[PDB]
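S.K.: Residue numbers (the authors' numbering), protein chains in the order written: chain B, 15 to 68, 77 to 142, 153 to 176, 185 to 210, 215 to 247, 257 to 299; chain I, 1 to 122; chain C, 350 to 596; chain H, 1 to 111. Where a beta carbon is used, it is the ideal one built from N, C-alpha and C, also for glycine.
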Amino acid sequence: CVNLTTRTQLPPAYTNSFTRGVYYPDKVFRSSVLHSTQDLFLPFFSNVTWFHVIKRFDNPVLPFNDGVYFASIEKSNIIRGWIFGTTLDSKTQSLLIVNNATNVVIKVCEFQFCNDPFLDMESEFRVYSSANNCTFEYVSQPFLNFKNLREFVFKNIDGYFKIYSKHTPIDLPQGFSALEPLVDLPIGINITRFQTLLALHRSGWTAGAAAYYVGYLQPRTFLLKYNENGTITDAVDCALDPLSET
Amino acid sequence: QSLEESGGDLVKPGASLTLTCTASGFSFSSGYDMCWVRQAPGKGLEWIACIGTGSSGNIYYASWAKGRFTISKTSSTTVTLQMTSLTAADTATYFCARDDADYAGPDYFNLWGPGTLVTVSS
Amino acid sequence: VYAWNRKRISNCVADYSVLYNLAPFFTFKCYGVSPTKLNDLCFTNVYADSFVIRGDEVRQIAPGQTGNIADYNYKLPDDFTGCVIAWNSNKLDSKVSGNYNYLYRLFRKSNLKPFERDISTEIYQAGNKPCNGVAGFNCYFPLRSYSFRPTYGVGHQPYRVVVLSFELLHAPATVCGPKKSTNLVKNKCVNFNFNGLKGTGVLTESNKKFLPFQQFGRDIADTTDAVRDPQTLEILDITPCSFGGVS
Amino acid sequence: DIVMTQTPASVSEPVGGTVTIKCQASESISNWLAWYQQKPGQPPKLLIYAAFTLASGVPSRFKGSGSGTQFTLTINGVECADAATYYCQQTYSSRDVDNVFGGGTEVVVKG
Ligand SMILES: *[C@@H]1O[C@H](CO)[C@@H](O)[C@H](O)[C@H]1NC(C)=O
Ligand SMILES: *[C@@H]1O[C@H](CO)[C@@H](O)[C@H](O)[C@H]1NC(C)=O
Ligand SMILES: *[C@@H]1O[C@H](CO)[C@@H](O)[C@H](O)[C@H]1NC(C)=O
C-alpha cells in the first residue's frame with residue numbers, strides 16, 4: 015500500500031446522460047413488438063458525474087444507492103476493475119473485480135483494502161493488504185483517437201449481483221446501444237459504496262488520457278421497441294416530458 | 001538390520017548413475033514399505049521417489065523428481081535407483097529409508113541405512 | 350476422531366452413484382432428508398467430516414446420542430441436518446503389527462459441544478493432587494490409542510465414517526445433482542416441462558436467433574412460444590396443437 | 001499439495017534451559033506427523049511418531065504437543081549432547097508432494 019499525495023483537488027465535471035442506460039430486462043425473446051416495463055432505469059438526459067484522469079488522479083468512494091451506471095471513454099485499457107463494499111475493510115466482507123492481463127478475478131472476501139489502491153508492463157498489484165474470510169471465487173475470460189467505449193450497469197437485487205456490459209468503438217456520444225446481461229452473482233451482501241481501480245505506468258508514475266462516467270439508477274417506466282432480429286433499437290422514457298408521456 | 005547403499009561416485013553433469021540399496025538380515029516383505037531419501041551437504045533432508053516392496057509396487061514420486069529419476073526392485077534384497085541428465089545441484093548424500101506401514105507412501109521411518117555420497121564435478 | 354478433519358464442498362454437482370466402488374459395504378442410514386431423492390436436490394451448504402472409529406462406536410454417530418465418541422471426540426447436534434456414511438476398512442486400516450496410529454480422547458473435563466474439536470494434550474487430573482506433568486496414578490493421558498482386533502467381530506475393527514452436513518436452502522444453491530435429459534421428440538403434440546415450465550404443444554424447429562443470455566421466447570399474448578433446450582443449446586418453437594370449433 | 005514449514009531456524013538455550021520447536025502444516029494432517037533428529041555425519045532417527053507417542057531408546061524429555069495443523073515439540077531439558085537438527089514429516093498425503101520432510105532447525109547448547 016502506497017499513499018498518493020499527488021492528487022489535484024477539483025470539483026467533479028458534469029455532462030448530460032443523453033440516451034444511455036438501457037439493458038434487456040429479462041431473458042425472454044420479443045421481436046418486432048413494443049413492450050413497456052417498470053424497472054430501475056437511468057433517466058434520460060440526466061447529469062452524471064465526470065472524472066478526468068491524466077496530473078488528475080480521481081479515485082473517490084461513491085455511494086451505491088439503488089444502482090450504478092458505469093461508462094468510460096477508454097484507450098489502452100487504463101481502467102482495470104472495481105471494488106465494492108460498505109466499510110471497505112476487514113470488518114465487513116467486501117467484493118473485488120479485476121481484469122488482469124490474463125483473466126478476470128472475482129473474489130468476495132473480508133479484504134483489507136489499501137488506502138490508495140492502484141496497479142502498476154504491469155506487474156505490481158497494491159490494492160489490498162489481507163483477506164480474512166473468503167466465500168466465493170471465480171475466474172473467467174478477460175472482459176476486454186479514442187476508440188473504445190465500455191458501458192457497465194451494476195445492480196444488487198435479491199442477493200444477486202447483475203452486471204450488464206457492451207463494448208463499442210467510437215464527451216458522451218449520441219446514439220443507442222442496449223446492454224446485455226453479462227454475469228449474475230448469487231452473493232447476497234449489501235453494497236453502499238464502491239471505488240474503481242486503475243493502472244499506473246511507471247517511467257515518477259505517468260497516467261494516460263482517459264475518463265469514466267458514473268450514473269445512478271432510478272425506478273421508472275420505459276417503453277422499448279424490439280426489431281425483427283430480436284434486439285432493442287429504441288426506447289421512450291415515460292416520465293421525462295409530457296410529449297413522451299403521451 | 002542394515003540398508004547399506006552402493007553406486008555412489010563422482011559423475012559428470014548430464015549423465016546417469018545406478019545407486020543400489022541392499023538389505024541385510026531381511027527381505028523386502030510386502031506388508032512393510034521402503035523409501036528413498038537424500039540429503040544435500042548444506043541443507044536438510046528431501047524426498048524424491050520410491051516404490052513399495054509389495055506384490056503390486058505402489059511407486060510414488062515427488063513434484064521436483066517427477067520423471068528424471070527411476071526406481072525399481074531387482075531382487076528380494078536389492079533395490080536400485082536410476083537418475084539421468086544429472087546436474088550440478090544433484091550432489092547430495094543418499095539414504096535408503098525403511099518405512100513401518102504400507103499406506104501407499106512414506107510413513108514413519110524407523111530404520112535408515114548408513115547412506116552413500118554422490119557428487120558431481122567436471 | 351479427536352482431531353477430525355473438516356472439509357468444504359461447494360460450487361460443484363454432487364454425484365452419489367460413485368459411492369459404491371470407493372466405499373463398498375457402506376451404511377447410508379441418515380437423518381434430515383430422504384436418501385433416494387438426493388440426486389435431484391440442491392444444497393447451498395455442505396460440510397464433510399471424516400475419521401476412523403471402532404465398529405462398536407459407529408452407532409454413536411447420531412443426534413442426541415451419548416457415549417465415549419459423542420461426549421469426548423465428536424458430538425452431533427440435536428437438530429442435525431445432513432447424512433453420514435460409514436463403511437468397513439479392515440483391508441486398509443489393519444496392520445499385522447497393529448493399528449496404533451489412531452487415537453481418541455478418553456478423559457475430558459466436560460462433554461463436547463456439537464461440531465467441536467479438541468486437540469489438547471494436557472495431562473488429565475482425576476484426583477485431588479495436581480498432576481504437575483506426571484502421568485502416574487490418578488493422572489491419565491486424555492488420549493488412548495485404538496487397538497483394532499480384526500480377529501474379533503466387526504465391533505473391534507476400523508470403521509471409516511464420513512459425516513456430511515447440509516442446510517437445504519435450494520435457492521442460493523451451489524451444490525446440486527445432474528437433472529438428466531430426455532430423447533427430444535419433434536413435430537407432434539407433446540406435454541413438455543422445461544425447468545419447471547410445464548406446457549402442452551407441438552415442438553418444432555425454430556428459426557429464431559435470440560441472444561446467448563436470452564433463454565425463453567414470448568409472443569404478443571404474453572405466453573411462452575419459443576424455448577431453448579437446457580440439455581442441448583437449440584432453438585425450439587412451441588406451437589399449440591391444431592384445434593378449432595366443430596359445427 | 002501440503003507445504004510444511006519448521007521454525008525457528010536457529011535456537012540457543014542454556015544447558016538447564018528449555019527450547020521449543022513448532023511444526024506447522026499448510027492444511028490439517030490430523031495425527032500423522034513424525035519427529036526426526038540427525039547428528040552431523042549420521043542419518044536421523046525417529047523421535048516422536050504420531051506426534052505424541054515416544055520412540056524406543058529415546059529419553060522421556062522428547063515429547064509432542066498440538067494436532068491438526070500446528071505441532072510443537074517441547075524440550076524439557078538438554079545435556080549438551082542433544083545439540084542437533086530436528087525435522088518433522090507430514091506422513092499424511094504424499095501423492096504429489098515436493099518434500100514430506102519439514103524445514104531444518106538446528107539446536108545449539110551453550111554449556
Ligand atoms: C447538471 O445538469 C443540469 C441540467 O440537466 C444542471 O441544471 C446542473 O446544474 C448540472 N450540475 C452541475 C453540478 O452543474
Ligand atoms: C444490509 O447491509 C447493511 C450494511 O451496512 C446492514 O446494515 C444491513 O443490516 C443489511 N441488511 C440485512 C437485511 O441484512
Ligand atoms: C437482422 O435485421 C437486419 C435489419 O435490421 C437484417 O438486414 C438482417 O438480415 C437480420 N438478420 C437476419 C439473420 O436476417
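1. On the three-state DSSP scale, how would you describe B/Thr114?
2. What residue range is occupied by the uninterrupted alpha helix (DSSP H) comprising I/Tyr32?
3. Please state if the CB of B/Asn121 and the CB of B/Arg158 are separated by a distance shorter than 8 Å.
4. From the beta carbon of H/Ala83, is the nearest beta carbon of chain C less than 8 Å away?
5. Candidates H/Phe71, H/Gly68 and H/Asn76: which alpha carbon is nearest H/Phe62's?
6. Taking the alpha carbon of residue 345 of chain C as the reference point, which residue from I/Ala97, I/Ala89, I/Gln82 and I/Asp102 has its own alpha carbon closest?
7. Can you tell me which of the three DSSP states H/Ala83 falls into?
8. Using 8 Å as the Cβ pair cut-off and three pairs as the minimum, do the segment 509–523 of chain C and the segment 393–402 of chain C touch?
9. Taking a cut-off of 7 Å, which residues have a beta-carbon closer than that to any heavy atom of ligand 3, in chain order?
10. Does the count of Cβ pairs from the segment 352–361 of chain C and the segment 73–91 of chain H closer than 8 Å reach three?
11. Taking Cβ-Cβ distances below 8 Å as the criterion, which residues of the segment 26–38 of chain H are in contact with chain C?
12. Pairing CB atoms from the segment 18–36 of chain H with CB atoms from the segment 404–424 of chain C, are three or more of them under 8 Å?
13. Please confirm whether B/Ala292 and B/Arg273 have their CB atoms less than 8 Å apart.
14. According to DSSP, what are the bridge partners of B/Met153?
15. CB-CB under 7 Å to H/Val3, same chain, minus the five flanking residues each way: which ones, in chain order?
16. Check each candidate in H/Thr85, H/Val100, H/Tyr87 and H/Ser65 and name the one with the smallest Cα separation from H/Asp1.
17. What whole-angstrom Cβ distance do B/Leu276 and B/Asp138 have, given they're in contact under 8 Å?
18. Identify whether C/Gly504 lies in helix, strand or coil by the three-state DSSP scheme.
19. For chain H, is any of its Cβ atoms less than 8 Å away from the one on C/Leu461?
20. Alpha carbon to alpha carbon, how far is H/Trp35 from B/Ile128? Give it in angstroms, no decimals.
21. Does the separation of the CB atoms of B/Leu226 and B/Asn81 fall below 8 Å?
22. Tell me which residues share the same chain as H/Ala83 and place their Cβ nearer than 7 Å to its Cβ, disregarding the 5 neighbours each side in the sequence.
23. Beta-carbon distances below 5 Å to any heavy atom of ligand 2 define the shell here; list its residues in chain order, please.
24. Just checking my contact of I/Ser16 with I/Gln82 at CB under 8 Å: how many whole Å lie between their CB atoms?
25. Going along the chain, which residues of its own chain have a beta-carbon closer than 6 Å to the beta-carbon of B/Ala262, five neighbours each way excluded?
26. H/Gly111 CB to nearest chain I CB: under 8 Å?
27. Please state whether the Cβ-Cβ distance between H/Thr5 and H/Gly66 is less than 8 Å.
28. Which same chain residues, not among the five before or five after B/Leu110, have their C-beta less than 8 Å away from its C-beta?
29. If the cut is a Cβ gap below 8 Å, which residues of chain I does H/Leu46 touch?
30. How many whole angstroms separate the CB atoms of B/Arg190 and B/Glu96, which I take to be in contact at a CB cut-off of 8 Å?
31. List, in chain order, every chain C residue whose beta-carbon is nearer than 9 Å to that of H/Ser12.
32. Could you give the distance in angstroms between the alpha-carbon of B/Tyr265 and the alpha-carbon of B/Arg21?
33. Relative to the alpha-carbon of C/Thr430, which residue among C/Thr531, C/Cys379, C/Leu582 and C/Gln506 has its alpha-carbon at the smallest distance?
34. With a threshold of 8 Å between beta carbons, is I/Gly54 in contact with chain C?
35. Can you tell which of C/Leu492, C/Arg493 and C/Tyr508 has its C-alpha closest to the C-alpha of C/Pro499?
36. C/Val367: buried (16+ other C-beta within 10 angstroms of its C-beta) or exposed?
M.R.: Concretely, from the data shown:
1. B/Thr114: coil per DSSP, three-state reduction.
2. I/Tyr32 -> no alpha helix (DSSP H), and no H or E assigned at all.
3. B/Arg158 places its beta carbon 8 Å or farther from that of B/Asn121.
4. Taking Cβ atoms only, chain C never reaches closer than 8 Å to H/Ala83, which makes this a no.
5. Looking from the CA of H/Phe62, the closest CA among H/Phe71, H/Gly68 and H/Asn76 belongs to H/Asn76.
6. What is shown of chain C runs 350 to 596, which leaves residue 345 of chain C out entirely.
7. H/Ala83 falls in the coil class under three-state DSSP.
8. Counting Cβ pairs under 8 Å, three or more are found: they touch.
9. The answer, residue by residue, is B/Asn280, B/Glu281, B/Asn282 and C/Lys558.
10. No: fewer than three Cβ pairs fall under 8 Å.
11. For the segment 26–38 of chain H, which is checked against every Cβ of chain C, the residues closer than 8 Å are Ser28, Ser30, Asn31 and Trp32.
12. Judged by Cβ distances under 8 Å, the segment 18–36 of chain H makes no contact with the segment 404–424 of chain C, as fewer than three pairs qualify.
13. At the C-beta level, B/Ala292 and B/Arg273 come within 8 Å of one another.
14. Bridge partners of B/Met153 according to DSSP: none are assigned.
15. If the five residues before and after H/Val3 are omitted, its C-beta is found closer than 7 Å to the C-beta atoms of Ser26, all from its own chain and listed in chain order.
16. Looking at H/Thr85, H/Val100, H/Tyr87 and H/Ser65, the one whose alpha-carbon comes closest to that of H/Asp1 is H/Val100.
17. Contact doesn't hold; Cβ gap of about 45 Å is too wide.
18. The three-state reading of DSSP puts C/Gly504 in helix, counting H, G and I together.
19. It does not: the Cβ of C/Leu461 has no partner Cβ on chain H nearer than 8 Å.
20. Going by the C-alpha atoms only, they are around 41 Å apart.
21. Taking 8 Å as the Cβ cut-off, B/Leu226 and B/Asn81 do not qualify as a contacting pair.
22. Shown here for H/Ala83: same chain residues with a beta carbon closer than 7 Å to its own, the five before and five after excluded, namely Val107, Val108 and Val109 in chain order.
23. In chain order, the hits are B/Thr108 and B/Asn234.
24. About 7 Å separates the beta carbons of I/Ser16 and I/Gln82, which is inside the 8 Å limit, making them a contact pair.
25. These residues qualify, in order along the chain: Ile68.
26. For H/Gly111, the closest Cβ of chain I is not nearer than 8 Å.
27. With respect to the 8 Å criterion, H/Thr5 and H/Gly66 are not classified as neighbours on the basis of their beta carbons.
28. Taken in chain order, the residues that qualify are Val83, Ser116, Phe135, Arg237 and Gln239.
29. Using a Cβ-Cβ cut-off of 8 Å, H/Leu46 is close to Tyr108, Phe109 and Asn110 of chain I, given in chain order.
30. Right, the Cβ-Cβ distance comes to about 6 Å (below 8 Å), so this counts as a contact.
31. Residues of chain C with a Cβ closer than 9 Å to the Cβ of H/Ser12 do not exist, since the nearest Cβ in that chain sits about 24 Å away.
32. Rounded to whole angstroms, the separation of the alpha carbons of B/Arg21 and B/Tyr265 is 17 Å.
33. The shortest Cα separation from C/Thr430 among C/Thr531, C/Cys379, C/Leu582 and C/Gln506 belongs to C/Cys379.
34. Chain C contact via Cβ: absent.
35. Nearest C-alpha to C/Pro499: C/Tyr508.
36. Answer is exposed; the Cβ neighbour count stays below 16.
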